[PDB]
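*Asks:* Could you have a look at this structure, given as structure tokens, before my questions?
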Amino acid sequence: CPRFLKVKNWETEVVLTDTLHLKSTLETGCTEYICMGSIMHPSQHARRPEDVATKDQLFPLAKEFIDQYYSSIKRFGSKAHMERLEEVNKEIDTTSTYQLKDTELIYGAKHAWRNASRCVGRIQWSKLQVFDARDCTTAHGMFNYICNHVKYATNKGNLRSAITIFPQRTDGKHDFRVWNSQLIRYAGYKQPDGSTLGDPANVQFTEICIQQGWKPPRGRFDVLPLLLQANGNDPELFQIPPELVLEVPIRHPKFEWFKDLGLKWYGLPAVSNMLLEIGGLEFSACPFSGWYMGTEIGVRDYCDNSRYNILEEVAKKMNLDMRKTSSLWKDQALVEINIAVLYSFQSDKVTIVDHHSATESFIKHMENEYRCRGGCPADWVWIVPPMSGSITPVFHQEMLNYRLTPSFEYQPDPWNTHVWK
Amino acid sequence: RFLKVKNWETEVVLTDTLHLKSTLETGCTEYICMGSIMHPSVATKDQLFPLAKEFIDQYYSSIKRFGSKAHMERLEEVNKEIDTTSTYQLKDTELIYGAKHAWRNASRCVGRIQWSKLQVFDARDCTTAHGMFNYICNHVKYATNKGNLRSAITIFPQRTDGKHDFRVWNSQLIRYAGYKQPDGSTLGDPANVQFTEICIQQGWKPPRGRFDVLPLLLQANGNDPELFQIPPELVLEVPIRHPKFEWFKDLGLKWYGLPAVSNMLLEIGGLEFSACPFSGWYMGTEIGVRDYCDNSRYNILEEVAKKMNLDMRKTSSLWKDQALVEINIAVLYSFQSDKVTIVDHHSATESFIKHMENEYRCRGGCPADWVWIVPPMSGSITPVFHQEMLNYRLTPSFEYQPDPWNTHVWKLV
Ligand code: HEM
Ligand code: HEM
Ligand SMILES: C[C@H](O)[C@H](O)[C@H]1CNc2nc(N)[nH]c(=O)c2N1
Ligand SMILES: C[C@H](O)[C@H](O)[C@H]1CNc2nc(N)[nH]c(=O)c2N1
Ligand SMILES: CNCC#Cc1cc(C)cc(N)n1
Ligand SMILES: CNCC#Cc1cc(C)cc(N)n1
Ligand SMILES: [Zn+2]
């Protein structure tokens with residue numbers, strides 16, 4: 001943690017001065033001699049050990065988060081702060097863990113969002129609906145909570161940010177997990193010839209669902225069932241009611257033939273495979289949802305080679321020279337696809353933000369955070385959109401990345417580490 | 001140790017051992033990554049010899065002569081010069097080896113599959129700015145080759161006491177002038193406004209156009225720099241037209257064929273070559289995305305979108321994205337039509353992956369800066385976007401150095 005670091009924007013010459021990085025807790029993966037900025041998962045530095053930690057292992061982390069929370073609310077040292085510490089101490093003394101007050105849970109979830117270096121949408125961080133689901137005991141009850149989340153968050157197209165927080169990890173053998181990587185995704189099917197139908201990213205998860213009894217309709221856009229694990233038990237399949245799943249058919253403002261590709265996407269991005277860490281407590285099931293940046297769909301989902309991979313089909317209908325890469329036929333089609341995605345969501349009054357608007361807002365959010373907080377951890381490799389990078393303002397914005405707690409973390413896919421009953 | 005890097009598109013995993021042999025810092029720490037920072041933060045006799053020994057060891061190892069009689073005598077010979085003169089002189093072979101490996105080690109360069117085909121011009125006997133001009137003219141002519149571009153570097157005398165540096169004051173050998181108008185607008189290239197003012201102050205008579213090739217401002221032996229006009233017949237340029245849009249040529253755009261960076265420092269075995277201009281050939285996006293469409297550069301998006309009849313009222317029409325593509329189509333089409341070497345960002349990044357994979361197999365790794373390697377448009381449709389990379393500093397190296405007008409103490413009263 002160097003004493004005070006500046007970042008420069010090379011377009012506007014604005015300089016920001018970072019001191020928040022002094023509060024960084026765990027390693028980035030980098031050293032003075034090697035930078036891992038482009039490694040997807042550079043580090044295994046965790047704040048607590050494997051499972052049920054000893055008291056001297058968990059209490060220091062609790063003490064820090066409680067300190068931080070009461071600091072945030074103009075106390076620190078107050079009666080309630082000192083009482084809370086003694087309370088957490090006794091709780092760990094008798095259960096090896098402790099339970100967050102509702103206020104602390106809301107604070108923790110919002111600050112995990114605020115601390116998410118890879119999220120360009122964090123100007124919204126304090127406007128987050130928190131659903132406390134820590135009283136949940138079964139997969140049916142998990143399904144009820146998620147249906148309510150999806151319905152509230154979708155809001156007939158006027159999307160609202162939300163998170164639903166299921167019971168925290170205890171001994172590691174009673175984990176709550178949503179096995180889906182997102183609440184809503186499309187199935188992928190290995191074809192007899194060798195090609196893939198639907199979303200290739202989801203082939204493995206789709207096979208698990210089939211193996212568990214799901215009856216695949218075997219189309220290009222089959223909404224996957226939920227596969228929900230409560231209290232360490234075997235996970236259970238649930239079909240989200242289709243009236244809860246808002247979808248947008250993709251058409252083009254100028255290309256009438258575009259609709260005949262039969263593309264669609266879903267409206268609600270809802271990451272459900274990550275882990276929420278607050279004061280040493282691990283929430284292994286914590287689906288959170290926002291609204292899409294158009295490029296997530298139009299660039300990555302649709303045009304990645306190992307995803308829907310639609311560039312050649314679109315370029316054909318556009319009558320483009322596909323003989324050689326230097327005609328930039330991929331680049332031309334890409335732009336049209338992302339025009340259609342934005343046009344479609346906007347036509348149906350489903351919240352979406354383009355990459356120009358999203359990145360501009362993030363520059364403003366960065367400036368706010370340096371003004372009030374003294375910094376904003378940001379992952380350039382993830383913030384910069386996957387098309388037209390340098391004509392967005394974040395391309396020319398230097399960023400500092402560091403890990404602050406509360407945080408959202410990655411965790412292994414539950415099928416790699418689950419003993420079936 | 002070992003370190004794995006993964007490609008998330010192909011699932012190929014490579015194992016880096018080369019990183020164990022790096023020395024200067026990256027700027028990152030164990031708790032902060034400064035991977036997106038542009039510039040993160042003379043040697044004594046004692047400092048010099050470990051650096052020299054390191055380089056001589058790796059040179060003789062590279063040619064399968066480590067421990068040899070020639071290796072050991074060279075080490076002793078270098079040691080004598082450092083003792084005697086406080087510096088030493090590279091053999092021609094070492095100079096060529098060192099220049100190729102600084103290119104090979106340039107983590108920000110996507111074109112390194114070409115690293116070992118580098119024409120090295122040894123200009124360590126130069127003494128005056130006139131001689132510098134002669135060397136640079138020859139470099140331009142050789143490199144340009146009537147459009148069949150050849151990679152080359154010209155290496156001027158190394159730093160001695162820091163009071164006698166050789167410097168090219170230009171940031172590239174060929175760039176276009178910029179003039180700020182009283183009304184606040186800029187004619188030509190806004191990036192070059194300050195350097196254009198310096199040239200005008202030194203005596204240059206500007207034509208005051210949109211694409212005036214700047215003069216060379218060359219500094220020999222720490223003396224004041226001097227102006228030279230490159231012979232116009234040596235500056236190959238390409239007027240930009242579009243394969244489908246007849247009106248595109250009416251924008252009056254052109255660009256030069258030879259990218260030749262001239263403000264960096266070449267460090268070989270502790271020796272510092274402060275004047276070392278090097279050239280290759282363009283990747284199209286350098287011109288069509290950054291040079292033409294950076295808000296701070298020629299900034300032609302609105303003009304091009306206008307002529308495309310695009311709805312420029314809302315951002316979500318993606319009019320800028322649409323105009324950006326066509327401009328980059330025109331750049332590539334124009335160079336190819338005029339048979340001037342260029343590479344498009346898809347071909348360039350595919351080759352880099354092949355190179356990177358090859359370098360892990362034969363060398364144990366390939367330092368690479370994802371922030372610079374990924375092209376400034378269409379990022380994720382190029383393979384490098386999905387490629388994990390490790391960044392670390394190997395020497396020989398190209399480094400940044402301060403602009404000379406910030407450090408030079410003028411002699412001319
Ligand atoms: C409200 C509108 C939001 C927008 C426009 C937005 C935008 C984005 C985008 C574009 C990404 C990169 C997606 C990818 O390439 O995989 C991302 C990642 C992420 N977002 Fe946000 N986000 C929003 C809301 C939220 C909320 C409510 C949370 C949590 C409470 C959140 C937390 C995260 C995290 C942790 C990541 C990293 C995911 C990963 O590492 O795979 N975001 N966001
Ligand atoms: C042969 C064709 C070559 C291609 C296609 C190529 C490609 C590129 C590109 C696209 C960049 C980024 C430029 C920018 O964004 O400002 C770059 C940077 C760089 N190239 Fe290469 N290059 C080539 C040859 C060379 C040669 C011959 C050398 C040295 C002898 C070299 C050394 C470098 C260095 C040091 C940088 C970093 C410059 C900086 O940090 O500003 N390249 N190259
Ligand atoms: C290897 C590289 O880090 C990887 O492809 C990253 C790059 N940047 C990204 N940025 C976003 N938003 N999402 C991603 O999945 C990735 N992938
Ligand atoms: C702030 C950021 O590091 C800066 O804009 C970088 C990003 N990547 C780049 N990549 C290339 N090739 N050239 C550049 O000038 C830059 N600029
Ligand atoms: C692989 N990550 C997929 C994703 C995502 C995502 C998540 C959220 C909360 C918002 C958004 N706009 N996108
Ligand atoms: C500010 N860097 C400008 C540049 C550059 C460059 C340099 C070389 C040798 C090749 C190339 N294709 N591009
Ligand atoms: Zn780093």
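To be explicit about the labels: the chains of the structure tokens are called A, B, and onward in the order shown, and within each one the residues are counted from 1, while ligands get numbers from 1 in the order they are shown.
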For chain A, list the residues within 8 Å of chain B, counting only C-alpha atoms, and write the list as a ChimeraX atom specification.
*Replies:* /A:1,7,11,21,24-40,299-300,303-306,325-328,330-332,335-336,339,342-343,354,356-357,380-381,385-391,398-403
*Asks:* Can you tell me which residues surround residue B:247 at a distance of at most 10 Å, considering only C-alpha atoms, apart from same-chain residues fewer than 4 positions away, and format the answer as a list in words?
*Replies:*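 Final neighbour list, sorted by chain and number: residues 241, 242, 251, 252, 304, 307 and 308 of chain B.
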*Asks:* Restricted to N, CA, C and O atoms, what would the selected residues look like written as a PDB file, in the first residue's frame?
*Replies:*
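Dumped to selection_27.pdb:
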ATOM      1  N   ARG B 241      -9.128   6.490 -49.163  1.00  0.00           N
ATOM      2  CA  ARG B 241     -10.404   6.395 -49.860  1.00  0.00           C
ATOM      3  C   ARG B 241     -11.139   5.149 -49.380  1.00  0.00           C
ATOM      4  O   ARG B 241     -10.588   4.310 -48.659  1.00  0.00           O
ATOM      5  N   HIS B 242     -12.405   5.039 -49.774  1.00  0.00           N
ATOM      6  CA  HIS B 242     -13.254   3.972 -49.270  1.00  0.00           C
ATOM      7  C   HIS B 242     -13.779   3.124 -50.424  1.00  0.00           C
ATOM      8  O   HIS B 242     -14.122   3.661 -51.483  1.00  0.00           O
ATOM      9  N   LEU B 251     -13.030  13.801 -47.982  1.00  0.00           N
ATOM     10  CA  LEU B 251     -12.551  14.236 -46.678  1.00  0.00           C
ATOM     11  C   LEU B 251     -11.124  14.779 -46.731  1.00  0.00           C
ATOM     12  O   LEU B 251     -10.707  15.491 -45.810  1.00  0.00           O
ATOM     13  N   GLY B 252     -10.373  14.484 -47.792  1.00  0.00           N
ATOM     14  CA  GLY B 252      -8.990  14.920 -47.898  1.00  0.00           C
ATOM     15  C   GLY B 252      -8.034  14.278 -46.916  1.00  0.00           C
ATOM     16  O   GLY B 252      -7.023  14.888 -46.553  1.00  0.00           O
ATOM     17  N   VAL B 304     -17.459  12.127 -40.502  1.00  0.00           N
ATOM     18  CA  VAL B 304     -17.725  10.914 -41.268  1.00  0.00           C
ATOM     19  C   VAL B 304     -19.168  10.473 -41.073  1.00  0.00           C
ATOM     20  O   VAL B 304     -19.842  10.065 -42.026  1.00  0.00           O
ATOM     21  N   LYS B 307     -21.589  12.473 -43.274  1.00  0.00           N
ATOM     22  CA  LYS B 307     -21.673  12.029 -44.658  1.00  0.00           C
ATOM     23  C   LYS B 307     -22.293  10.645 -44.787  1.00  0.00           C
ATOM     24  O   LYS B 307     -22.734  10.280 -45.881  1.00  0.00           O
ATOM     25  N   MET B 308     -22.370   9.878 -43.703  1.00  0.00           N
ATOM     26  CA  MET B 308     -23.090   8.612 -43.743  1.00  0.00           C
ATOM     27  C   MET B 308     -24.578   8.774 -43.480  1.00  0.00           C
ATOM     28  O   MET B 308     -25.302   7.779 -43.528  1.00  0.00           O
TER      29      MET B 308
END
*Asks:* Got a sec: who's within 12 Å of stretch 220-223 of chain A, counting only C-alpha atoms, leaving out chain neighbours fewer than 2 positions off, as a PyMOL selection string?
*Replies:* chain A and resi 180+182-191+196-200+202-203+206+209+214-218+225-226+238-249+261-266+307-308
*Asks:* List as CSV every residue of chain A that is in contact with ligand 5, defined as an atom at most 7 Å from one of its atoms (using only C-alpha atoms and all ligand atoms), together with the nearest atom pair and the distance in Å rounded to one decimal, sorted by chain and then rising number.
*Replies:*
residue,atom,partner,partner_atom_place_in_ligand_line,distance
A:269,CA,ligand 5,6 (C),5.2
A:270,CA,ligand 5,9 (C),5.5
A:271,CA,ligand 5,7 (C),5.3
A:288,CA,ligand 5,9 (C),5.6
A:289,CA,ligand 5,9 (C),4.1
A:290,CA,ligand 5,9 (C),4.3
A:291,CA,ligand 5,12 (N),4.7
A:292,CA,ligand 5,12 (N),3.7
A:293,CA,ligand 5,12 (N),5.3
*Asks:* Keeping only N, CA and C atoms, write the selected residues as a PDB file, in the first residue's frame.
*Replies:*
ATOM      1  N   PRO A 269     -30.333  -9.771 -16.066  1.00  0.00           N
ATOM      2  CA  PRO A 269     -29.049 -10.396 -15.709  1.00  0.00           C
ATOM      3  C   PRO A 269     -28.946 -10.588 -14.203  1.00  0.00           C
ATOM      4  N   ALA A 270     -28.762 -11.824 -13.777  1.00  0.00           N
ATOM      5  CA  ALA A 270     -28.908 -12.167 -12.359  1.00  0.00           C
ATOM      6  C   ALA A 270     -27.833 -13.183 -11.985  1.00  0.00           C
ATOM      7  N   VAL A 271     -26.652 -12.682 -11.612  1.00  0.00           N
ATOM      8  CA  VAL A 271     -25.533 -13.567 -11.315  1.00  0.00           C
ATOM      9  C   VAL A 271     -25.804 -14.325 -10.024  1.00  0.00           C
ATOM     10  N   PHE A 288     -27.796 -11.831  -7.277  1.00  0.00           N
ATOM     11  CA  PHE A 288     -27.981 -10.397  -7.445  1.00  0.00           C
ATOM     12  C   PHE A 288     -28.199 -10.068  -8.917  1.00  0.00           C
ATOM     13  N   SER A 289     -28.989  -9.032  -9.160  1.00  0.00           N
ATOM     14  CA  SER A 289     -29.446  -8.700 -10.498  1.00  0.00           C
ATOM     15  C   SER A 289     -29.451  -7.195 -10.664  1.00  0.00           C
ATOM     16  N   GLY A 290     -29.176  -6.756 -11.895  1.00  0.00           N
ATOM     17  CA  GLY A 290     -29.260  -5.354 -12.260  1.00  0.00           C
ATOM     18  C   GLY A 290     -30.019  -5.157 -13.559  1.00  0.00           C
ATOM     19  N   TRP A 291     -29.424  -4.427 -14.509  1.00  0.00           N
ATOM     20  CA  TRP A 291     -29.924  -4.370 -15.871  1.00  0.00           C
ATOM     21  C   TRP A 291     -28.713  -4.437 -16.795  1.00  0.00           C
ATOM     22  N   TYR A 292     -28.955  -4.804 -18.044  1.00  0.00           N
ATOM     23  CA  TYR A 292     -27.880  -5.113 -18.974  1.00  0.00           C
ATOM     24  C   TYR A 292     -27.229  -3.851 -19.540  1.00  0.00           C
ATOM     25  N   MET A 293     -25.923  -3.950 -19.776  1.00  0.00           N
ATOM     26  CA  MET A 293     -25.246  -3.115 -20.764  1.00  0.00           C
ATOM     27  C   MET A 293     -25.315  -3.865 -22.087  1.00  0.00           C
TER      28      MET A 293
END
*Asks:* Do you know which residues are at most 8 Å from residue A:158 counting only C-alpha atoms, after dropping those on the same chain fewer than 5 positions away, and could you put them as a PyMOL selection string?
*Replies:* chain A and resi 349-351
*Asks:* I need the chosen residues saved as a PDB file, in the first residue's frame, with C-alpha atoms.
*Replies:*
ATOM      1  CA  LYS A 349     -39.484  -0.500 -22.586  1.00  0.00           C
ATOM      2  CA  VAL A 350     -37.003  -2.903 -20.971  1.00  0.00           C
ATOM      3  CA  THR A 351     -34.169  -1.109 -19.159  1.00  0.00           C
TER       4      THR A 351
END
*Asks:* Have a look at B:12, B:2, B:355, B:184 and name the one nearest to ligand 3; count only C-alpha atoms and all ligand atoms.
*Replies:*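 Of the candidates, the smallest distance to ligand 3 is held by B:12.
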*Asks:* Residues within 10 Å of ligand 6 should be enumerated using only C-alpha atoms and all ligand atoms and returned as a ChimeraX atom specification.
*Replies:* /B:103,108-112,151-153,171-172,258-264,277-287,290-291,342-343
*Asks:* Filtering to C-alpha atoms, could you give me those residues as a tab-separated table (two decimals), in the first residue's frame?
*Replies:*
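That gives us part.tsv:
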chain	number	residue	atom	x	y	z
B	103	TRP	CA	11.93	-5.81	-29.29
B	108	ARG	CA	3.22	-3.66	-25.23
B	109	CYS	CA	4.02	-4.79	-28.82
B	110	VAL	CA	1.56	-7.04	-30.65
B	111	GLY	CA	3.91	-7.41	-33.64
B	112	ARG	CA	6.68	-9.40	-31.97
B	151	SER	CA	11.63	-3.48	-39.87
B	152	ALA	CA	14.74	-1.53	-38.90
B	153	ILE	CA	16.43	0.32	-36.05
B	171	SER	CA	8.34	11.34	-31.09
B	172	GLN	CA	8.21	9.61	-34.49
B	258	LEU	CA	6.12	4.28	-41.97
B	259	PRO	CA	5.53	4.11	-38.18
B	260	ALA	CA	8.92	4.97	-36.68
B	261	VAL	CA	9.10	5.59	-32.92
B	262	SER	CA	12.02	7.83	-32.02
B	263	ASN	CA	11.67	9.04	-28.41
B	264	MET	CA	12.33	5.84	-26.44
B	277	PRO	CA	14.56	5.15	-33.70
B	278	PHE	CA	12.86	1.93	-34.81
B	279	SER	CA	10.18	1.25	-37.39
B	280	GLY	CA	7.96	-1.57	-38.60
B	281	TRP	CA	4.58	-1.38	-40.30
B	282	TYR	CA	1.14	-0.29	-39.17
B	283	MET	CA	-1.75	-2.14	-37.68
B	284	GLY	CA	-4.74	-0.41	-39.25
B	285	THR	CA	-6.42	0.58	-35.97
B	286	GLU	CA	-3.45	2.71	-34.95
B	287	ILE	CA	-4.46	5.07	-37.78
B	290	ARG	CA	-6.59	6.32	-32.51
B	291	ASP	CA	-4.98	8.78	-34.96
B	342	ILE	CA	-0.25	-2.92	-43.28
B	343	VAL	CA	-1.91	-5.50	-41.04
*Asks:* Can you pull out the residues contacting residue A:286? Cut-off 8 Å, using only C-alpha atoms, and skip same-chain residues under 6 positions away; I want them as a PyMOL selection string.
*Replies:* chain A and resi 163-166+272-276
*Asks:* Would you please give, as number ranges by chain, all residues of stretch 81-246 of chain B that DSSP assigns to helix (DSSP H, G or I) based on the backbone?
*Replies:* B: 81-85, 92-104, 112-114, 129-147, 190-202, 232-234, 246
*Asks:* How far is it from atom 3 (C, counted along the ligand's line) of ligand 1 to atom CA of residue A:267, in Å with one decimal?
*Replies:*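 Taking atom 3 (C, counted along the ligand's line) of ligand 1 as the start and atom CA of residue A:267 as the end point, the length is 12.2 Å.
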*Asks:* Pick the closest to ligand 7 from A:12, A:43, A:347, A:411: which is it, counting only C-alpha atoms and all ligand atoms?
*Replies:*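 Of A:12, A:43, A:347, A:411, the one nearest ligand 7, counting only C-alpha atoms and all ligand atoms, is A:43.
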*Asks:* Please compute the atom CA of residue A:309-atom 43 (N, counted along the ligand's line) of ligand 2 distance, one decimal, in Å.
*Replies:*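 Rounded to one decimal, the two atoms are 29.2 Å apart.
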*Asks:* If you measure from atom CA of residue B:106 to atom 35 (C, counted along the ligand's line) of ligand 2, what distance in Å do you get, rounded to one decimal?
*Replies:*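 Between atom CA of residue B:106 and atom 35 (C, counted along the ligand's line) of ligand 2 the gap works out to 5.1 Å.
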*Asks:* Which of these, A:383, A:314, A:92, A:224, has the shortest distance to ligand 4 once you count only C-alpha atoms and all ligand atoms?
*Replies:* A:383
*Asks:* May I have all residues of stretch 154-267 of chain B that DSSP, computed from the backbone, assigns to strand (DSSP E or B), given as a short mmCIF file (atom, residue, chain, number, x, y, z; two decimals) with N, CA and C atoms, in the first residue's frame?
*Replies:*
data_model
loop_
_atom_site.label_atom_id
_atom_site.label_comp_id
_atom_site.auth_asym_id
_atom_site.auth_seq_id
_atom_site.Cartn_x
_atom_site.Cartn_y
_atom_site.Cartn_z
N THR B 154 17.96 2.21 -35.98
CA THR B 154 19.25 2.89 -36.07
C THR B 154 19.66 3.30 -34.66
N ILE B 155 20.83 2.85 -34.22
CA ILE B 155 21.27 3.02 -32.84
C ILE B 155 22.43 4.01 -32.80
N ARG B 167 19.79 12.62 -29.07
CA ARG B 167 18.34 12.55 -28.96
C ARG B 167 17.72 12.87 -30.30
N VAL B 168 16.68 12.13 -30.67
CA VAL B 168 15.73 12.60 -31.67
C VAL B 168 14.62 13.28 -30.90
N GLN B 172 8.02 10.54 -33.38
CA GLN B 172 8.21 9.61 -34.49
C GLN B 172 8.96 10.34 -35.60
N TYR B 176 2.71 14.56 -38.44
CA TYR B 176 2.13 15.75 -39.03
C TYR B 176 2.09 16.89 -38.01
N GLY B 178 0.88 20.30 -35.97
CA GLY B 178 -0.34 20.83 -35.41
C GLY B 178 -0.20 22.30 -35.07
N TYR B 179 -1.20 23.10 -35.44
CA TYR B 179 -1.21 24.53 -35.18
C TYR B 179 -2.49 24.89 -34.45
N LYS B 180 -2.35 25.46 -33.25
CA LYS B 180 -3.51 26.00 -32.55
C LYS B 180 -3.85 27.38 -33.11
N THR B 186 -7.88 23.67 -33.81
CA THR B 186 -6.56 23.16 -34.13
C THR B 186 -6.55 22.71 -35.58
N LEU B 187 -5.51 23.10 -36.31
CA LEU B 187 -5.28 22.60 -37.66
C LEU B 187 -4.19 21.53 -37.59
N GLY B 188 -4.41 20.43 -38.30
CA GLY B 188 -3.45 19.33 -38.30
C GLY B 188 -3.62 18.39 -37.12
N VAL B 213 4.29 17.32 -43.09
CA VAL B 213 5.32 16.48 -42.48
C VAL B 213 6.27 17.36 -41.68
N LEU B 216 12.81 17.08 -38.88
CA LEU B 216 13.56 16.40 -37.83
C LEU B 216 14.28 17.43 -36.97
N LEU B 217 14.16 17.26 -35.65
CA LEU B 217 14.87 18.06 -34.67
C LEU B 217 15.84 17.11 -33.97
N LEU B 218 17.12 17.22 -34.30
CA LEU B 218 18.09 16.20 -33.95
C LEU B 218 19.18 16.80 -33.09
N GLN B 219 19.58 16.05 -32.06
CA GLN B 219 20.51 16.51 -31.04
C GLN B 219 21.66 15.51 -30.91
N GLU B 226 19.08 20.60 -33.95
CA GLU B 226 19.08 21.29 -35.23
C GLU B 226 17.99 20.74 -36.15
N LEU B 227 17.42 21.63 -36.97
CA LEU B 227 16.33 21.30 -37.88
C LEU B 227 16.83 20.76 -39.22
N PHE B 228 16.15 19.72 -39.71
CA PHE B 228 16.40 19.12 -41.02
C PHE B 228 15.08 18.71 -41.65
N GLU B 237 3.34 8.28 -48.48
CA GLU B 237 2.03 8.60 -47.92
C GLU B 237 0.92 7.94 -48.72
N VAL B 238 -0.21 7.71 -48.06
CA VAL B 238 -1.34 7.01 -48.65
C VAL B 238 -2.59 7.86 -48.49
N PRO B 239 -3.17 8.35 -49.58
CA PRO B 239 -4.45 9.05 -49.48
C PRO B 239 -5.58 8.07 -49.19
N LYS B 254 -5.17 11.69 -45.48
CA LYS B 254 -4.07 10.83 -45.84
C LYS B 254 -3.33 10.45 -44.57
N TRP B 255 -2.40 9.52 -44.71
CA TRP B 255 -1.50 9.18 -43.62
C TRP B 255 -0.18 8.69 -44.21
N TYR B 256 0.84 8.63 -43.37
CA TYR B 256 2.16 8.19 -43.79
C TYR B 256 2.30 6.68 -43.63
N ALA B 260 7.53 4.98 -37.10
CA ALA B 260 8.92 4.97 -36.68
C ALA B 260 9.04 5.71 -35.35
N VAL B 261 9.10 4.98 -34.24
CA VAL B 261 9.10 5.59 -32.92
C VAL B 261 10.52 6.01 -32.58
N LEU B 265 14.12 4.91 -25.12
CA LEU B 265 15.50 4.61 -24.75
C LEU B 265 15.73 3.11 -24.83
N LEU B 266 16.83 2.71 -25.46
CA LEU B 266 17.21 1.30 -25.57
C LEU B 266 18.28 1.00 -24.52
N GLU B 267 17.96 0.11 -23.59
CA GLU B 267 18.90 -0.31 -22.56
C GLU B 267 19.41 -1.70 -22.89
#
*Asks:* Nearest residue to ligand 7 out of B:202, B:40, B:398, B:130, using only C-alpha atoms and all ligand atoms?
*Replies:* B:40
